[PDB]
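Protein chains in written order, with the entry's author numbering: chain C, 2 to 238; chain K, 4 to 61, 75 to 206, 214 to 236; chain A, 4 to 233; chain B, 3 to 251; chain L, 6 to 28, 39 to 174, 183 to 202; chain M, 2 to 19, 34 to 194; chain H, 44 to 141. In this text, a Cβ means the ideal position worked out from N, Cα and C, and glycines have one as well. For reference, the structure is listed below as C-alpha cells.
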Amino acid sequence: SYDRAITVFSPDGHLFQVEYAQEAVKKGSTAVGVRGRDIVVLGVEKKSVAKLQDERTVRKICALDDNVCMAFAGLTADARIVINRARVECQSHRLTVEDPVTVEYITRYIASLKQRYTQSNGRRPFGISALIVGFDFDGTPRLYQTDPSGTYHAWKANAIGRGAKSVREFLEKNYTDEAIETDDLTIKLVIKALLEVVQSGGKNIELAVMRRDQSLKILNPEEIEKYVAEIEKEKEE
Amino acid sequence: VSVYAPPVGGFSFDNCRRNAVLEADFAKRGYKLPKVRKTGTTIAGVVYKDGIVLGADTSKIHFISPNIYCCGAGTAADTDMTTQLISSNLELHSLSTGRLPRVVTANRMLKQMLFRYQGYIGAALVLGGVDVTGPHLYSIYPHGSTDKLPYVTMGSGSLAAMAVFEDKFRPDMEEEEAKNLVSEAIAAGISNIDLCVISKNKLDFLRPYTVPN
Amino acid sequence: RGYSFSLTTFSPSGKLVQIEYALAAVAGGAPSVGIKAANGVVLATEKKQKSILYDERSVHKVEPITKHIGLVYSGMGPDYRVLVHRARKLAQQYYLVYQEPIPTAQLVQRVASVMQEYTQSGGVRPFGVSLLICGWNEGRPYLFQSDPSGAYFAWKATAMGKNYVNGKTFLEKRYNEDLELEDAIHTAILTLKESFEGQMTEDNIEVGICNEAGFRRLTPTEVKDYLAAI
Amino acid sequence: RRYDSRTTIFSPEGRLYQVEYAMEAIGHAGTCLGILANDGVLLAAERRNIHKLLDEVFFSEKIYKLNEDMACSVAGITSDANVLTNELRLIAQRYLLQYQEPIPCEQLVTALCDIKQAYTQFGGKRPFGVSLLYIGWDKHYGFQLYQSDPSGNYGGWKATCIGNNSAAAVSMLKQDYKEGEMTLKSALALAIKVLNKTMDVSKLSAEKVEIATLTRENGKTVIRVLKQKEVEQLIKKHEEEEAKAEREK
Amino acid sequence: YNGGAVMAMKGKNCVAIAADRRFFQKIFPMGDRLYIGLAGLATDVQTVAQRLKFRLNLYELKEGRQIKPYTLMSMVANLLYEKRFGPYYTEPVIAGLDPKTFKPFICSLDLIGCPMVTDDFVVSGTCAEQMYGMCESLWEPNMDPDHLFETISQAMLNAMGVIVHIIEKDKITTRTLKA
Amino acid sequence: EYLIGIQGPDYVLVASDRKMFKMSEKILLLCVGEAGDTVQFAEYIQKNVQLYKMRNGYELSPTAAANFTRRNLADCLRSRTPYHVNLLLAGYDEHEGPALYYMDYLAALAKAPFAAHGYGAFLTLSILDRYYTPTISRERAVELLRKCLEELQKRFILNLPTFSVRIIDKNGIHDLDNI
Amino acid sequence: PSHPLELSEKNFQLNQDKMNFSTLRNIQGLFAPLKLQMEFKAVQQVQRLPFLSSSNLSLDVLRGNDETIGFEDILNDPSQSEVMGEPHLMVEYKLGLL
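Below, the structure written as C-alpha cells:
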C-alpha cells in the first residue's frame, strides 16, 4: 500500500506515486545525448513507422531557443506543455536581462515547473524526462537531464527510455577523449550507441546536430545512411 | 487585473484618459468632434376620472406593458435602453406571476436603476398607467428622484403647459375634456400632437395573463 | 458495481452509468406526446393531481416561454421549474441583444448547453427531466426533444414517459405527413388514451397548441369538446 | 482494480486506466473516414439517427464548418462534441482578430488538444470522450488531414478511420491506397468501397451516408456536401463495377 | 484632422453608398449585398470595423444563415452602446439589400448608437447640414441605377475625389470619380 | 530625426537618421520618438516575433507583424497617456513580395508605396509623388532620395548624419554606403 | 481613477452582499449571514475550469437573480471573449500558485 495518493510517505520514506511516474518514462523510445569538444549531438529512436503517417508531426526533438535544444521520453502529450512553457520563459528572461539565457537557468526552470506538480493530491505529475543540451555565452558546451520528480544533473553522456542500461554500459567504456576529437567521430559514436538496441538497420534513427554560433540542424536520411555505411565498412575492416 | 483572470461583462472604461486628452487637445487646436442626439420637446400627462392621458408633440411615447406607457426627454439612446430593459424585466415578472404588473413596480425599478449610475445616464421620464388599485402618474428625474402628482410637464414649453394646467385643471374630468386640455396645453408651448389614452374599462384584471403581440 | 456510484468515472467498457439511471428516472414519469402537423404542433400530457382537492389555476405542466414557444416535460417537476426560468431569461436576453424573437433551435441549443454542464463535475447530480419544445418560425413548425445528458433531436412525432415504446409503435402506424391540426389533436389524445390506466376526463389532461397566431394553452371546455367528439 | 478510480493516479507499471477507458468509449460510435488526394480532401461518415419518425433539419449531423478553410467530423459523445466545436470556432475567430489572417490547421488542432489534455490532469473532472478528424488548406503546407484522441494526442495522416471497424477499414486502406497518384474520383471510389465493406449492411443505401469535399477554385476554398443523386450514382457505379469484376473471372 | 463624409441614397431595387477621397479606407463590405461606411477618427474606425467582423462571422457560423440589415444595425448599436462613458469616435452608415426579399434599406447612427431609419437618403459627417439641402433638392423617387449614380455623384461633388458603390440584385459597380 | 522609405517592384528602400531595429531576417522596424519609449516597444515586438517563430517553425509575414504592432500600440496608448511613438515597417514575402507600412502616433495603419516622418514632410511627400513611378529602379530611387535631401537642406536646415540606407530583397537586408 | 463609476461598477455585488449581511445581522442575529455565506461557498465551489464559460444556475437561484436582467447580461458577452490565456496558466492562477 502507501501508493494510492501523491503525498503519502511509505514507512521507510518513499513516495511511490512519483516512482510510478518514472515507469512511464522507462517505456518510451530511447534517446541518447553526447557532449563533444565543440559540438553537441542528439539521437532518438523511431518506433512503429506507419505507412500512411506524416513524419513531420511526430518529431521528438525540439528547439527551445537559438542555442538550446531538447529531447524527451515518456508521455507525448505531457511534453508539449513543458516545451511551450520553456519557450515562453526563454523570451521572458531575454526581456528581463539582455544577455541570452543559460542552459542551467532553463533546466532549473523546467525542474521547478515539474516539481510544482508533486505537491498536491488534486493534480498528477508529468510523466516525462528530458535531455537539455546547448551552448553557453562564452562557448562551453553543456548537457543536463531532468526527472519527473524535479531533480536535475549534469552529464557527459547519457541515455533515457528503454535500453538505457545497455546504452549507458556501452557509453561508459566507449566514451574517451579520442572518440570526441571531431564532429564525425562524435556522430559515429552516437550512431554506434543507438545501433546497440535498434534493429532493422539505420532506418529507425533521428539525429540532430548543433555547432557553435549556428542553429539546430537535422540530418538527412541520406547522410544517416552514409554514416552507417562508413561505420559498417570500418567495422568490417 | 491580469491576463490570467477570466473576463467579465458590462460597461467598459478603457478610452477615458485618451478621450480626456484628445478633447482638450482638439479644443485648443480648433477642430470639432461628433456629439450625441438629444430630444427636448414638450411632454405632459393628466389623470382623469378612470384613466391616464399622455401627450407629446412630434413616436416619443414608449411601451412598457399593456397597461403602462412612458414618455422621455434628454438623450434618446438612454431613454430607449432604459425603457427596453424595464419592459423586459416587467415581462419576466408578469410571466412568473400570472397577473398584469403594477405601476409602483416599474417606478421602483426605474428609480433604483437611475440612482445606481449617479445621474450619468440622462433620462427624464413621465410614467403613467392603470392598476387594480387605480390610475397613477409619476415623474422621474435623471438623479433618481420621483414625484407622484395629478399632472406633470417636461420639456421646453414646460412653463406654458404648467400654467394651462394650473388655470384649467379640475378633478374627475371626462375623456374628451382631458384630451382637449392636454392638446391645448401641448399647443401652448409651440408640428403635430400625439396622444395616448389608457382606460380602465378596456383592461380585464380577472383573466390569466398572456403574452401580447 | 464499483463504477455505479461515481458520476465522473468511466466503466471499463466505456460507459457512464449515472446518466443511464437519470434516463431511467425520466422513463418512470407520466406519459406525454407531441405531433407535428402541416400547420401546427400539439403537446399533450397526463396530470398528476387527480383529485377534487386540487385548485385548477395553481400549477401547470404546459408552460409558455415566448409568444411562439412552449414546452412540456416528463420527470421531476422541481428540476423542470428552474430550467423553465432559465429558458425564459435566455429568450429575453436574445430579444434584447438582437431586437428579434429567438428561433427555436437556438433556444434548444442554449438549454442543452446548460444541461450538459451538470454531467461532468463532481459533487452535483444530473437533471432528471426530458423536455419537448415546440415553436413556429419562418412559416413552418418545429418540434425538439432534450435528454438529461444534453443531447437534442428533431422529431415528427414522439412519445415519452411511462409506456412509451408502445406509444411510439402506435404513432408509427397512425401518423400521416400531410395532416391537419384537428386530426393531429385527435391522434395525440388517442395515443395518450392508449396507456392512460383509468378513465379520461377534461380535468386530468393538459393540451397546448402552436400555430401562426402563437403558442396557447387550451381551456378545459375545448378539451371536453374534443373528448366528446372522439 | 484499485488504480482506476480517477484520472490522477498512476498504476505500478505506469498507465492511466481512466484515459484508456475514455478511449475505449469511442468504439461504440459510428464510422468516420478521411482521404487525402492531390487536388482535394475527403470526409465520409455513417448516419446513426435513422428512424421513420425523425425529422431532417440543418445541413448535416456529423460534419461541421469551423471557418472559411476548415471542417471537422466527430465521433463519440454529442454533448461534448458541441462544446468542442464551439471552442474551435472561438479560437479561429480570436486568431483572425489578432493577426488579420486565417489560422493554420495544425495551430488550431494543437490549441484544441491542449484543452483536451488539461482535463486529464486536474482532479474532479471527466475527460472528453470524443475523437475528431480535421481537413483544411493553408498557404504553408496545402491540403492537410489530422486526427485527435481523448487523451490530447494528434497526428497527420494521408488516410485514416475512427469508430466502428476502424482496424478493418485501416487495413483495407493501407492495402489499397496509392501514394502520390490519387485524384478526387479515385478517392471517392475507394471511400465507397471501404464504407461498403465496413458497414454491416448487405446493401448500401444513400440515406445512411454523408460525404463532404474541400477544394480550391480561383483562389477560394469551396466546401460542399454531396447530394443524394450523386451518392446514388456513385453507389450504382461501384455495384456495376463489382459485378463486372466478378463476371470477368 | 478632417473626418470625412459618407452618404447613402435609395432607388428602385438598388442602393448607393458614397465616400470622399483625396489625391484610409472608409467603406467595408459585410456581405454579398451589404456595406457599411464609417467617418471619424481613423483608429476608432479600424477598431470598430475589425470588431464587427468577429461578431458577424461568429453569428453566421452559429445561426447558419445570412444576416439581415436590421440585425446588423442592432449589433452595431449594441457594440457602440457598450463603452458608453468613453465612446468611439465613429458615425456609421448602413446600406444594403435584403438577402431573401431584395428590398433596399438605409440607416444612420450617432456616437453612442441611436438608430435612424430613413426612406429616401441619409447623410453623415461634419457637413450634414450643408449636404442635407442638396440631398433634399436632387432626390426623386423611382430612380434607375444610372440616374441614382449621377445624382449621388452630384450631391457628393457639390459639397478631392469620391468613390461610389452601386448595389444591384446581380452585380456591384464601383466607380472612382474626380471633379 | 527623420525617416523616409520607397517601395519598388522587388525591393524596399529605407533611410534613417544617425534608429533601425531588426525583427526578422527580412523585416525592419524604424521608430522615432522620445528616448526610453521607442526601445522598449521594439524589444517587446522583437521578442514576440521570435517567440512566434520558435513555436511554429516558420516566420511571421510583414502584414501580420504590422497588425500585431498596431494592436499592441493601441493597447499601450490606452494606459500610458504621455506616450508618443512614430514608426514604419518594411518587409518581403515569398508569396506577395515587397511591403511598406505607415503608422501614425494614434495607432492608424496604412499601406503606402512611399512614406516619410520627422520635421521634413509635406514638400518631400509632394516631390516623391511627382517624381515617383511604380517601375522605379534602385539607382533612380537613390537619385530621388538624394535630390529630396538636397531640396530639404536648402530650407535653412542642416543634416547632421549621412542618412545611411538599406535594401530589403529576396536575399535579405543589405548595408549600403552612407549617402 | 479614470471615471468615478469604474470602481463603483467593479465592486457592486460585494457592497450589496455587505449591506444585506449587516441588515440581517442587526435584525435577526449572527446565524443567518453565516448560513447564507456557507450556502454561497458550497454552491460556488462546483463549476467548469476557468478557461471555459459556466452558467451559475444554483448560485443565481440562491442570490435571487434568476428573474432579473441587468447591463452585465447584454453588454460585452463574456462567453464570446476576444482574448483568453493558456489553460494551465489560468488554472494555476485560480489556485494561487502563481
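Check	Outcome
If you draw a straight line from the alpha carbon of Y67/M to that of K176/B, how long is it in whole angstroms?	36 angstroms
Are any of the Cβ atoms in chain H nearer than 8 angstroms to that of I117/B?	yes
Exposed or buried, which one is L104/M when buried takes at least 16 other CB atoms within 10 Å?	buried
Let me confirm a value: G140/C is counted as buried when at least 16 other C-beta atoms fall within 10 Å, else exposed. Which label applies?	exposed
With DSSP as the reference, label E78/L as helix, strand or coil.	helix
Look at the Cβ atom of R181/M, then the Cβ atom of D17/K, and state whether they are nearer than 8 angstroms.	no
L218/K and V56/K - do their beta-carbons sit closer together than 8 angstroms?	yes
Please look up how many angstroms separate the CB atoms of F199/A and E49/A, rounded, as I've assumed it's under 8 angstroms.	7 angstroms
Under 8 angstroms between the Cβ atoms of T9/B and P152/B?	no
Taking only beta-carbon atoms, is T84/M less than 8 angstroms away from chain B?	no
Between the stretch 225-232 of chain C and the stretch 24-32 of chain K, do three or more beta carbon pairs fall short of 8 angstroms?	no
Over what stretch of residues does the alpha helix (DSSP H) that includes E158/M continue unbroken?	153-168
If you reduce the DSSP assignment to three classes, tell me which class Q146/B lands in.	strand
Report the residues of the stretch 103-137 of chain B with a CB closer than 9 angstroms to any CB of chain L, ordered along the chain.	none
Note down, in chain order, each residue of its chain lying with its Cβ closer than 8 angstroms to the Cβ of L230/A, except the 5 sequence neighbours on either side.	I192, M203, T204, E205
Is the CB-CB distance between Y96/L and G128/L below 8 angstroms?	yes
Taking C-beta pairs closer than 7 angstroms, name the residues in chain H that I82/C reaches, listed in chain order.	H131
Would you mind reading off the limits of the beta strand (DSSP E) that contains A32/C?	32-36
In the stretch 64-145 of chain B, which residue ranges form an unbroken beta strand (DSSP E) of at least 3 residues, counting only runs that do not cross its ends?	65-67, 72-78, 132-140
Out of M12/L, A10/L, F28/L, point me to the one whose CA is closest to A202/L's CA.	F28/L
Does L191/M pass the burial test, meaning 16 or more other C-beta atoms within 10 Å, or should it be called exposed?	exposed
Buried or exposed, going by whether 16 or more other CB atoms sit within 10 Å of the CB of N175/C?	exposed
DSSP state of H159/K, grouped into three classes?	coil
DSSP on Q120/C, reduced to helix/strand/coil?	coil
For the putative contact between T33/B and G165/B, defined by C-beta atoms under 8 angstroms, what is the C-beta separation to the nearest angstrom?	4 angstroms
Is the stretch 158-165 of chain K touching the stretch 129-142 of chain K, taking contact as three or more C-beta pairs under 8 angstroms?	yes
What residues of chain A sit near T166/L, judged by a beta carbon separation below 8 angstroms?	Under the 8 angstroms cutoff, chain A gives no residues; its nearest Cβ is about 32 angstroms from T166/L.
State the DSSP-derived secondary structure class of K238/B, mapped to helix, strand or coil.	helix
Which bits of chain A does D116/H rub up against, with CB to CB less than 7 angstroms?	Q96
If you measure between the beta carbons of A47/B and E212/B, is that distance less than 8 angstroms?	yes
With 16 as the cutoff for other CB atoms within 10 Å, does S173/B come out buried or exposed?	exposed
Using C-beta distances below 7 angstroms, list every residue in its chain close to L140/M, excluding the 5 sequence neighbours before and after it, in chain order.	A131
Quick check on the burial criterion: 16 or more other C-beta atoms within 10 angstroms. Buried or exposed for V21/B?	buried
Indicate whether the contact test is met: 3 or more Cβ pairs, each with one atom in the stretch 91-105 of chain B and one in the stretch 119-128 of chain H, closer than 8 angstroms.	yes
State the Cα-Cα distance for the pair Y19/B and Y5/B, rounded to the nearest angstrom.	7 angstroms
Cβ of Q128/K less than 8 angstroms from any chain D Cβ?	Reference to chain D is not applicable here, since the protein chains of this structure are C, K, A, B, L, M and H.
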